[PDB]
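Content type mmCIF, N, CA and C atoms and all ligand atoms, from the file start17.cif:
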```cif
data_model
loop_
_atom_site.label_atom_id
_atom_site.label_comp_id
_atom_site.auth_asym_id
_atom_site.auth_seq_id
_atom_site.Cartn_x
_atom_site.Cartn_y
_atom_site.Cartn_z
N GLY A 1 41.88 59.34 -16.74
CA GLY A 1 40.54 59.18 -16.11
C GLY A 1 39.92 57.85 -16.45
N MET A 2 38.61 57.78 -16.29
CA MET A 2 37.87 56.56 -16.57
C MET A 2 38.01 56.20 -18.05
N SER A 3 38.27 54.93 -18.33
CA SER A 3 38.38 54.45 -19.71
C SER A 3 37.10 54.73 -20.47
N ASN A 4 37.24 55.19 -21.71
CA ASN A 4 36.08 55.40 -22.54
C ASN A 4 35.36 54.08 -22.84
N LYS A 5 36.03 52.96 -22.62
CA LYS A 5 35.40 51.66 -22.85
C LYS A 5 34.23 51.39 -21.87
N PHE A 6 34.15 52.16 -20.78
CA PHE A 6 32.99 52.06 -19.88
C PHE A 6 31.75 52.73 -20.45
N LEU A 7 31.94 53.69 -21.35
CA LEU A 7 30.81 54.48 -21.86
C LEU A 7 29.90 53.64 -22.74
N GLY A 8 28.60 53.75 -22.46
CA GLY A 8 27.58 53.06 -23.21
C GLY A 8 26.56 52.36 -22.33
N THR A 9 25.88 51.40 -22.93
CA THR A 9 24.76 50.70 -22.29
C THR A 9 25.13 49.25 -22.06
N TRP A 10 24.81 48.79 -20.86
CA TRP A 10 25.23 47.49 -20.36
C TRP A 10 24.01 46.76 -19.83
N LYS A 11 23.91 45.47 -20.11
CA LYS A 11 22.75 44.70 -19.66
C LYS A 11 23.19 43.57 -18.74
N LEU A 12 22.52 43.42 -17.61
CA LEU A 12 22.83 42.32 -16.68
C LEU A 12 22.56 40.97 -17.34
N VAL A 13 23.56 40.09 -17.32
CA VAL A 13 23.37 38.72 -17.80
C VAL A 13 23.61 37.64 -16.74
N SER A 14 24.22 38.00 -15.62
CA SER A 14 24.45 37.03 -14.54
C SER A 14 24.55 37.75 -13.22
N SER A 15 23.97 37.15 -12.18
CA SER A 15 24.09 37.69 -10.83
C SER A 15 24.29 36.53 -9.86
N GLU A 16 25.28 36.67 -8.99
CA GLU A 16 25.63 35.63 -8.04
C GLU A 16 25.75 36.23 -6.64
N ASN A 17 24.99 35.63 -5.73
CA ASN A 17 24.96 35.98 -4.32
C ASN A 17 24.32 37.33 -4.00
N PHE A 18 23.50 37.85 -4.92
CA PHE A 18 22.85 39.15 -4.71
C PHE A 18 21.87 39.10 -3.53
N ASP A 19 21.19 37.98 -3.34
CA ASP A 19 20.22 37.88 -2.23
C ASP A 19 20.88 38.09 -0.87
N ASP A 20 21.99 37.41 -0.64
CA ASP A 20 22.70 37.57 0.63
C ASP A 20 23.29 38.99 0.76
N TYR A 21 23.74 39.57 -0.35
CA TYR A 21 24.20 40.95 -0.30
C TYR A 21 23.08 41.92 0.13
N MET A 22 21.90 41.77 -0.47
CA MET A 22 20.77 42.59 -0.09
C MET A 22 20.41 42.39 1.38
N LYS A 23 20.47 41.16 1.85
CA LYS A 23 20.17 40.87 3.26
C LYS A 23 21.13 41.64 4.16
N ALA A 24 22.41 41.59 3.80
CA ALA A 24 23.45 42.21 4.59
C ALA A 24 23.23 43.72 4.65
N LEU A 25 22.67 44.27 3.57
CA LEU A 25 22.28 45.67 3.54
C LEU A 25 21.00 45.99 4.32
N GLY A 26 20.29 44.96 4.76
CA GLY A 26 19.07 45.14 5.53
C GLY A 26 17.82 45.30 4.68
N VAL A 27 17.88 44.82 3.44
CA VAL A 27 16.74 44.89 2.52
C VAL A 27 15.72 43.81 2.90
N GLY A 28 14.45 44.19 2.99
CA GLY A 28 13.40 43.26 3.37
C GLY A 28 13.04 42.28 2.27
N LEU A 29 12.29 41.24 2.64
CA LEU A 29 12.01 40.10 1.76
C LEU A 29 11.30 40.46 0.45
N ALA A 30 10.21 41.24 0.52
CA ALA A 30 9.47 41.53 -0.71
C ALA A 30 10.36 42.31 -1.68
N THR A 31 11.14 43.24 -1.16
CA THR A 31 12.04 44.02 -2.00
C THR A 31 13.13 43.11 -2.59
N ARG A 32 13.65 42.19 -1.79
CA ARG A 32 14.66 41.26 -2.29
C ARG A 32 14.10 40.38 -3.41
N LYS A 33 12.86 39.94 -3.28
CA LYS A 33 12.30 39.08 -4.31
C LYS A 33 12.29 39.80 -5.66
N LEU A 34 11.84 41.05 -5.66
CA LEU A 34 11.88 41.85 -6.89
C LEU A 34 13.32 42.17 -7.34
N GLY A 35 14.20 42.46 -6.39
CA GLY A 35 15.59 42.71 -6.71
C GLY A 35 16.27 41.52 -7.36
N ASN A 36 15.95 40.31 -6.90
CA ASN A 36 16.55 39.11 -7.48
C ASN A 36 16.04 38.84 -8.89
N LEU A 37 14.83 39.33 -9.21
CA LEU A 37 14.26 39.11 -10.53
C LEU A 37 14.69 40.18 -11.52
N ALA A 38 15.14 41.33 -11.02
CA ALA A 38 15.50 42.44 -11.90
C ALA A 38 16.73 42.11 -12.74
N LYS A 39 16.71 42.55 -13.99
CA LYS A 39 17.88 42.49 -14.85
C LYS A 39 18.12 43.86 -15.44
N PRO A 40 18.78 44.72 -14.67
CA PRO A 40 18.84 46.11 -15.10
C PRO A 40 19.74 46.36 -16.29
N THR A 41 19.44 47.49 -16.93
CA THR A 41 20.31 48.15 -17.87
C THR A 41 21.08 49.25 -17.12
N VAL A 42 22.37 49.36 -17.36
CA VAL A 42 23.20 50.37 -16.75
C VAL A 42 23.80 51.20 -17.87
N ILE A 43 23.61 52.51 -17.81
CA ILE A 43 24.07 53.40 -18.86
C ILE A 43 25.10 54.33 -18.24
N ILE A 44 26.32 54.29 -18.76
CA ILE A 44 27.42 55.09 -18.23
C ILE A 44 27.74 56.14 -19.27
N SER A 45 27.74 57.41 -18.85
CA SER A 45 27.99 58.52 -19.76
C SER A 45 28.86 59.55 -19.06
N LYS A 46 29.33 60.54 -19.81
CA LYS A 46 30.26 61.54 -19.27
C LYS A 46 30.11 62.89 -19.98
N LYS A 47 30.10 63.97 -19.20
CA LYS A 47 30.02 65.33 -19.72
C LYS A 47 31.11 66.09 -19.01
N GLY A 48 32.19 66.39 -19.73
CA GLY A 48 33.35 66.98 -19.10
C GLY A 48 33.91 65.99 -18.10
N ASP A 49 34.11 66.43 -16.86
CA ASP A 49 34.65 65.55 -15.82
C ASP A 49 33.53 65.00 -14.93
N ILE A 50 32.29 65.17 -15.37
CA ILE A 50 31.15 64.60 -14.65
C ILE A 50 30.68 63.31 -15.30
N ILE A 51 30.75 62.22 -14.54
CA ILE A 51 30.35 60.89 -14.99
C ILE A 51 28.97 60.58 -14.42
N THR A 52 28.11 59.97 -15.23
CA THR A 52 26.77 59.60 -14.79
C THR A 52 26.57 58.11 -14.96
N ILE A 53 26.08 57.46 -13.91
CA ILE A 53 25.72 56.05 -13.99
C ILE A 53 24.23 55.95 -13.71
N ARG A 54 23.48 55.58 -14.73
CA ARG A 54 22.04 55.45 -14.62
C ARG A 54 21.67 53.97 -14.70
N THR A 55 20.84 53.52 -13.76
CA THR A 55 20.39 52.13 -13.72
C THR A 55 18.89 52.13 -14.00
N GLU A 56 18.46 51.27 -14.92
CA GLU A 56 17.06 51.20 -15.32
C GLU A 56 16.56 49.77 -15.23
N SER A 57 15.44 49.61 -14.53
CA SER A 57 14.78 48.32 -14.44
C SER A 57 13.31 48.58 -14.21
N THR A 58 12.50 47.56 -14.43
CA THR A 58 11.07 47.69 -14.20
C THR A 58 10.80 48.08 -12.74
N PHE A 59 11.55 47.50 -11.82
CA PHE A 59 11.34 47.74 -10.40
C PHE A 59 11.81 49.12 -9.97
N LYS A 60 13.07 49.43 -10.28
CA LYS A 60 13.72 50.65 -9.82
C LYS A 60 14.65 51.28 -10.86
N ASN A 61 14.58 52.61 -10.96
CA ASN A 61 15.58 53.40 -11.66
C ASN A 61 16.39 54.24 -10.68
N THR A 62 17.69 54.32 -10.88
CA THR A 62 18.55 55.20 -10.09
C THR A 62 19.45 55.94 -11.04
N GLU A 63 20.00 57.05 -10.56
CA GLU A 63 20.99 57.80 -11.31
C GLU A 63 21.91 58.54 -10.35
N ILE A 64 23.20 58.39 -10.58
CA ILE A 64 24.21 59.16 -9.86
C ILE A 64 25.10 59.88 -10.86
N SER A 65 25.46 61.11 -10.50
CA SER A 65 26.38 61.92 -11.28
C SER A 65 27.47 62.40 -10.33
N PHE A 66 28.72 62.30 -10.75
CA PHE A 66 29.82 62.57 -9.82
C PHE A 66 31.09 62.93 -10.56
N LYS A 67 32.03 63.55 -9.84
CA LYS A 67 33.41 63.69 -10.28
C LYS A 67 34.24 62.73 -9.46
N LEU A 68 35.23 62.12 -10.11
CA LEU A 68 36.10 61.16 -9.42
C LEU A 68 36.76 61.85 -8.23
N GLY A 69 36.74 61.18 -7.07
CA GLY A 69 37.40 61.68 -5.87
C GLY A 69 36.61 62.68 -5.04
N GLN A 70 35.39 63.00 -5.47
CA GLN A 70 34.57 64.01 -4.79
C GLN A 70 33.31 63.38 -4.22
N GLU A 71 33.25 63.38 -2.89
CA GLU A 71 32.12 62.85 -2.16
C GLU A 71 30.80 63.52 -2.56
N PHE A 72 29.75 62.72 -2.62
CA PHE A 72 28.43 63.22 -2.98
C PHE A 72 27.38 62.45 -2.21
N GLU A 73 26.19 63.04 -2.14
CA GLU A 73 25.05 62.44 -1.48
C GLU A 73 24.32 61.57 -2.46
N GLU A 74 23.98 60.37 -2.03
CA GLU A 74 23.35 59.39 -2.89
C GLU A 74 22.12 58.81 -2.23
N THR A 75 21.07 58.62 -3.02
CA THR A 75 19.91 57.86 -2.58
C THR A 75 19.93 56.57 -3.38
N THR A 76 20.17 55.44 -2.72
CA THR A 76 20.35 54.17 -3.42
C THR A 76 19.05 53.56 -3.91
N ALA A 77 19.14 52.48 -4.68
CA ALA A 77 17.94 51.84 -5.20
C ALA A 77 17.04 51.38 -4.07
N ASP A 78 17.64 51.00 -2.94
CA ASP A 78 16.89 50.59 -1.76
C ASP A 78 16.68 51.78 -0.81
N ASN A 79 16.88 53.00 -1.32
CA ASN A 79 16.54 54.24 -0.60
C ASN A 79 17.37 54.48 0.67
N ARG A 80 18.61 53.97 0.70
CA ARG A 80 19.58 54.39 1.73
C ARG A 80 20.06 55.77 1.33
N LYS A 81 20.24 56.65 2.32
CA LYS A 81 20.80 57.97 2.06
C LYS A 81 22.24 57.91 2.52
N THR A 82 23.15 57.85 1.56
CA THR A 82 24.54 57.56 1.85
C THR A 82 25.44 58.73 1.47
N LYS A 83 26.63 58.74 2.06
CA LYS A 83 27.70 59.60 1.62
C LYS A 83 28.60 58.70 0.80
N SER A 84 28.74 59.05 -0.47
CA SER A 84 29.35 58.16 -1.45
C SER A 84 30.55 58.79 -2.13
N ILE A 85 31.44 57.96 -2.64
CA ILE A 85 32.55 58.45 -3.41
C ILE A 85 32.92 57.41 -4.46
N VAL A 86 33.31 57.89 -5.64
CA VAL A 86 33.79 57.03 -6.72
C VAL A 86 35.21 57.47 -7.13
N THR A 87 36.11 56.49 -7.19
CA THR A 87 37.51 56.73 -7.53
C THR A 87 37.97 55.59 -8.43
N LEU A 88 39.10 55.79 -9.09
CA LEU A 88 39.70 54.74 -9.89
C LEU A 88 40.79 54.01 -9.13
N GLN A 89 40.98 52.75 -9.49
CA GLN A 89 42.12 51.98 -9.01
C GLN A 89 42.46 50.98 -10.10
N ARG A 90 43.63 51.13 -10.71
CA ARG A 90 44.05 50.22 -11.78
C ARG A 90 42.96 50.09 -12.83
N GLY A 91 42.30 51.21 -13.11
CA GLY A 91 41.28 51.27 -14.15
C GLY A 91 39.89 50.81 -13.74
N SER A 92 39.76 50.27 -12.53
CA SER A 92 38.47 49.86 -11.97
C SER A 92 37.78 51.10 -11.42
N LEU A 93 36.48 51.13 -11.58
CA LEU A 93 35.68 52.25 -11.16
C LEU A 93 35.01 51.87 -9.83
N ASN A 94 35.55 52.38 -8.73
CA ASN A 94 35.21 51.90 -7.41
C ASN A 94 34.38 52.87 -6.60
N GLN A 95 33.22 52.39 -6.17
CA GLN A 95 32.27 53.18 -5.42
C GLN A 95 32.19 52.69 -3.98
N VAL A 96 32.23 53.64 -3.04
CA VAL A 96 31.99 53.36 -1.64
C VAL A 96 30.75 54.13 -1.20
N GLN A 97 29.90 53.48 -0.39
CA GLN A 97 28.76 54.15 0.22
C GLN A 97 28.86 54.00 1.72
N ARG A 98 28.66 55.10 2.43
CA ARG A 98 28.70 55.08 3.89
C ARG A 98 27.44 55.69 4.49
N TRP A 99 26.91 55.02 5.50
CA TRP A 99 25.69 55.45 6.17
C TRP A 99 25.60 54.72 7.50
N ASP A 100 25.14 55.44 8.53
CA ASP A 100 24.90 54.86 9.86
C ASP A 100 26.05 53.98 10.37
N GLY A 101 27.28 54.42 10.13
CA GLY A 101 28.46 53.71 10.60
C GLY A 101 28.78 52.45 9.81
N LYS A 102 28.06 52.25 8.71
CA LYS A 102 28.25 51.09 7.84
C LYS A 102 28.89 51.51 6.54
N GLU A 103 29.39 50.53 5.80
CA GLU A 103 30.04 50.80 4.52
C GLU A 103 29.83 49.63 3.56
N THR A 104 29.61 49.95 2.29
CA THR A 104 29.59 48.92 1.27
C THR A 104 30.33 49.43 0.05
N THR A 105 30.91 48.51 -0.71
CA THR A 105 31.67 48.86 -1.91
C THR A 105 31.12 48.18 -3.14
N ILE A 106 31.16 48.90 -4.26
CA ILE A 106 30.76 48.35 -5.55
C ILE A 106 31.87 48.70 -6.52
N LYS A 107 32.57 47.68 -6.98
CA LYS A 107 33.73 47.86 -7.87
C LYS A 107 33.33 47.40 -9.25
N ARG A 108 33.44 48.28 -10.24
CA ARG A 108 33.05 47.95 -11.61
C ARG A 108 34.29 47.93 -12.47
N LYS A 109 34.54 46.80 -13.13
CA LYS A 109 35.76 46.65 -13.90
C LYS A 109 35.47 45.99 -15.24
N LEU A 110 36.29 46.31 -16.23
CA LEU A 110 36.17 45.71 -17.56
C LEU A 110 37.00 44.44 -17.64
N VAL A 111 36.36 43.36 -18.08
CA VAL A 111 36.98 42.04 -18.11
C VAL A 111 36.61 41.43 -19.46
N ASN A 112 37.60 41.31 -20.35
CA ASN A 112 37.35 40.74 -21.68
C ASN A 112 36.14 41.37 -22.37
N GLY A 113 36.02 42.68 -22.23
CA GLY A 113 34.92 43.40 -22.84
C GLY A 113 33.58 43.39 -22.10
N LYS A 114 33.47 42.61 -21.03
CA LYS A 114 32.28 42.64 -20.18
C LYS A 114 32.53 43.61 -19.05
N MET A 115 31.46 44.06 -18.39
CA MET A 115 31.62 44.84 -17.17
C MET A 115 31.20 43.97 -16.00
N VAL A 116 32.09 43.83 -15.04
CA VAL A 116 31.84 43.01 -13.87
C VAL A 116 31.76 43.91 -12.65
N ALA A 117 30.64 43.82 -11.93
CA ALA A 117 30.44 44.56 -10.69
C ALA A 117 30.62 43.58 -9.54
N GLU A 118 31.49 43.92 -8.60
CA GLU A 118 31.66 43.14 -7.37
C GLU A 118 31.21 44.00 -6.23
N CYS A 119 30.26 43.49 -5.45
CA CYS A 119 29.69 44.24 -4.33
C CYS A 119 29.95 43.54 -3.01
N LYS A 120 30.43 44.29 -2.02
CA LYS A 120 30.83 43.71 -0.74
C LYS A 120 30.21 44.48 0.44
N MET A 121 29.64 43.72 1.38
CA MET A 121 29.07 44.24 2.62
C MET A 121 29.36 43.24 3.73
N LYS A 122 30.14 43.63 4.73
CA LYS A 122 30.38 42.77 5.88
C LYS A 122 30.88 41.38 5.47
N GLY A 123 31.83 41.33 4.55
CA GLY A 123 32.37 40.05 4.10
C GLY A 123 31.47 39.28 3.13
N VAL A 124 30.26 39.76 2.89
CA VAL A 124 29.39 39.13 1.90
C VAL A 124 29.68 39.75 0.54
N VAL A 125 29.97 38.91 -0.46
CA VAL A 125 30.35 39.40 -1.80
C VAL A 125 29.40 38.93 -2.90
N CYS A 126 29.00 39.87 -3.76
CA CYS A 126 28.11 39.66 -4.91
C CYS A 126 28.96 39.83 -6.18
N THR A 127 28.61 39.14 -7.26
CA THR A 127 29.24 39.38 -8.57
C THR A 127 28.15 39.47 -9.64
N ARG A 128 28.15 40.57 -10.38
CA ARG A 128 27.16 40.82 -11.43
C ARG A 128 27.89 41.08 -12.74
N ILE A 129 27.55 40.31 -13.78
CA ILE A 129 28.23 40.43 -15.07
C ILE A 129 27.29 41.05 -16.08
N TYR A 130 27.79 42.05 -16.80
CA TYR A 130 27.05 42.80 -17.80
C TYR A 130 27.67 42.69 -19.19
N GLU A 131 26.81 42.52 -20.19
CA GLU A 131 27.23 42.55 -21.58
C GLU A 131 26.99 43.94 -22.14
N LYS A 132 27.90 44.41 -22.97
CA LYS A 132 27.71 45.69 -23.63
C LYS A 132 26.68 45.55 -24.76
N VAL A 133 25.69 46.43 -24.77
CA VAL A 133 24.59 46.32 -25.72
C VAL A 133 24.35 47.65 -26.42
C1 LIG B 201 18.51 48.41 -9.38
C2 LIG B 201 18.62 46.91 -9.06
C3 LIG B 201 17.27 46.27 -8.74
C4 LIG B 201 16.63 46.83 -7.48
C5 LIG B 201 17.11 46.16 -6.21
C6 LIG B 201 16.77 46.94 -4.97
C7 LIG B 201 17.42 46.40 -3.71
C8 LIG B 201 18.95 46.40 -3.72
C9 LIG B 201 19.55 47.68 -4.26
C10 LIG B 201 20.92 48.01 -3.68
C11 LIG B 201 22.04 47.22 -4.27
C12 LIG B 201 22.40 47.64 -5.71
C13 LIG B 201 23.68 47.05 -6.24
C14 LIG B 201 23.81 47.21 -7.75
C15 LIG B 201 25.20 46.88 -8.34
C16 LIG B 201 25.25 46.86 -9.92
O1 LIG B 201 25.29 47.98 -10.50
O2 LIG B 201 25.19 45.71 -10.45
#
```

Take the structure in this file and express it as structure tokens.
Amino acid sequence: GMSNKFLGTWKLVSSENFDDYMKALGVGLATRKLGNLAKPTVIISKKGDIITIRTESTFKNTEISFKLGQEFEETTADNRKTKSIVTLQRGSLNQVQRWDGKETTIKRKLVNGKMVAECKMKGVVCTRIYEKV
């Protein structure tokens, strides 16, 4: 299953191309301005085969709980109501969200002890680097 090295608290230290990613998702300007300023904490935990990813920031908190390979309903930080799934691939923790005939992916992987999130929408790609704290 998911590596235990994902478990714990992670802090955003770098974000690249997040503004264009949010645009591609259809996020409006005022929300994007706050989104670009946010430096969330992400807390990954597990109870049995249920994994929880909680995101905390001054602007927005989100939380998803899921089993790998099992579709679930998600309300995103930007309040999209999506059909989502999280699966592993070569140890990467990969999330897909689908809504209104659209799709976006968020791939979270461990790289030299950091967690790197790569987000893709319509060929637009974001990279967010987190330090374990
Ligand atoms: C919770 C982040 C700040 C709030 C930003 C709200 C508008 C965009 C939200 C949707 C995209 C979220 C992608 C997060 C990927 C990650 O975990 O780094």

Checklist entry - So which residues of range 30-120 of chain A fall under strand (DSSP E) by DSSP, listed as a ChimeraX atom specification? => result /A:41-47,50-56,62-66,72-75,81-89,92-99,102-111,114-120

Shell around range 91-97 of chain A at 7 Å using only C-alpha atoms, local window under 3 positions removed, as a PDB file with N, CA and C atoms, in the frame of the given file:
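Final output, saved to part00.pdb:
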```pdb
ATOM      1  N   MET A   2      38.610  57.780 -16.290  1.00  0.00           N
ATOM      2  CA  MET A   2      37.870  56.560 -16.570  1.00  0.00           C
ATOM      3  C   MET A   2      38.010  56.200 -18.050  1.00  0.00           C
ATOM      4  N   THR A  82      23.150  57.850   1.560  1.00  0.00           N
ATOM      5  CA  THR A  82      24.540  57.560   1.850  1.00  0.00           C
ATOM      6  C   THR A  82      25.440  58.730   1.470  1.00  0.00           C
ATOM      7  N   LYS A  83      26.630  58.740   2.060  1.00  0.00           N
ATOM      8  CA  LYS A  83      27.700  59.600   1.620  1.00  0.00           C
ATOM      9  C   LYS A  83      28.600  58.700   0.800  1.00  0.00           C
ATOM     10  N   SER A  84      28.740  59.050  -0.470  1.00  0.00           N
ATOM     11  CA  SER A  84      29.350  58.160  -1.450  1.00  0.00           C
ATOM     12  C   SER A  84      30.550  58.790  -2.130  1.00  0.00           C
ATOM     13  N   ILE A  85      31.440  57.960  -2.640  1.00  0.00           N
ATOM     14  CA  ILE A  85      32.550  58.450  -3.410  1.00  0.00           C
ATOM     15  C   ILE A  85      32.920  57.410  -4.460  1.00  0.00           C
ATOM     16  N   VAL A  86      33.310  57.890  -5.640  1.00  0.00           N
ATOM     17  CA  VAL A  86      33.790  57.030  -6.720  1.00  0.00           C
ATOM     18  C   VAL A  86      35.210  57.470  -7.130  1.00  0.00           C
ATOM     19  N   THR A  87      36.110  56.490  -7.190  1.00  0.00           N
ATOM     20  CA  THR A  87      37.510  56.730  -7.530  1.00  0.00           C
ATOM     21  C   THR A  87      37.970  55.590  -8.430  1.00  0.00           C
ATOM     22  N   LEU A  88      39.100  55.790  -9.090  1.00  0.00           N
ATOM     23  CA  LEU A  88      39.700  54.740  -9.890  1.00  0.00           C
ATOM     24  C   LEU A  88      40.790  54.010  -9.130  1.00  0.00           C
ATOM     25  N   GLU A 103      29.390  50.530   5.800  1.00  0.00           N
ATOM     26  CA  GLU A 103      30.040  50.800   4.520  1.00  0.00           C
ATOM     27  C   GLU A 103      29.830  49.630   3.560  1.00  0.00           C
ATOM     28  N   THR A 104      29.610  49.950   2.290  1.00  0.00           N
ATOM     29  CA  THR A 104      29.590  48.920   1.270  1.00  0.00           C
ATOM     30  C   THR A 104      30.330  49.430   0.050  1.00  0.00           C
ATOM     31  N   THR A 105      30.910  48.510  -0.710  1.00  0.00           N
ATOM     32  CA  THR A 105      31.670  48.860  -1.910  1.00  0.00           C
ATOM     33  C   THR A 105      31.120  48.180  -3.140  1.00  0.00           C
ATOM     34  N   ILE A 106      31.160  48.900  -4.260  1.00  0.00           N
ATOM     35  CA  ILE A 106      30.760  48.350  -5.550  1.00  0.00           C
ATOM     36  C   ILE A 106      31.870  48.700  -6.520  1.00  0.00           C
ATOM     37  N   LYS A 107      32.570  47.680  -6.980  1.00  0.00           N
ATOM     38  CA  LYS A 107      33.730  47.860  -7.870  1.00  0.00           C
ATOM     39  C   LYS A 107      33.330  47.400  -9.250  1.00  0.00           C
ATOM     40  N   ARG A 108      33.440  48.280 -10.240  1.00  0.00           N
ATOM     41  CA  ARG A 108      33.050  47.950 -11.610  1.00  0.00           C
ATOM     42  C   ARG A 108      34.290  47.930 -12.470  1.00  0.00           C
ATOM     43  N   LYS A 109      34.540  46.800 -13.130  1.00  0.00           N
ATOM     44  CA  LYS A 109      35.760  46.650 -13.900  1.00  0.00           C
ATOM     45  C   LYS A 109      35.470  45.990 -15.240  1.00  0.00           C
TER      46      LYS A 109
END
```

Item to check | Surroundings of ligand LIG 201 (chain B) up to 5 Å, based on all atoms listed in the file, as a VMD selection string | outcome: chain A and resid 35 77 to 78

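The smallest atom-to-atom distance between residue 128 in chain A and any of A:61, A:70, A:14, A:55, using only N, CA and C atoms, is found for A:14.
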
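CA of residue 75 in chain A is found 29.1 Å from CA of residue 113 in chain A.
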
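Compared by their closest atoms to residue 50 in chain A, and using all atoms listed in the file, the residues A:117, A:68, A:7, A:111 rank with A:68 nearest.
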
Item to check | Which of A:76, A:124, A:40, A:131 sits closest to residue 56 in chain A [using all atoms listed in the file] | outcome: A:40

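Note that the spacing between CA of residue 64 in chain A and CA of residue 46 in chain A amounts to 11.4 Å.
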
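Atom pair CA of residue 129 in chain A / CA of residue 21 in chain A: separated by 15.3 Å.
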
Item to check | Test item, alpha helix (DSSP H) assignment across chain A, answer as a ChimeraX atom specification | outcome: /A:18-24,29-37

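With all atoms listed in the file as the basis for measurement, A:17 is the residue among A:9, A:17, A:4, A:58 that approaches residue 126 in chain A most closely.
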
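For the set A:18, A:72, A:10, A:66, the residue with the smallest atom-to-atom gap to residue 41 in chain A is A:10, counting all atoms listed in the file.
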
Item to check | Nearest-residue call for residue 25 in chain A, choices A:79, A:45, A:89, A:3, using only C-alpha atoms | outcome: A:79
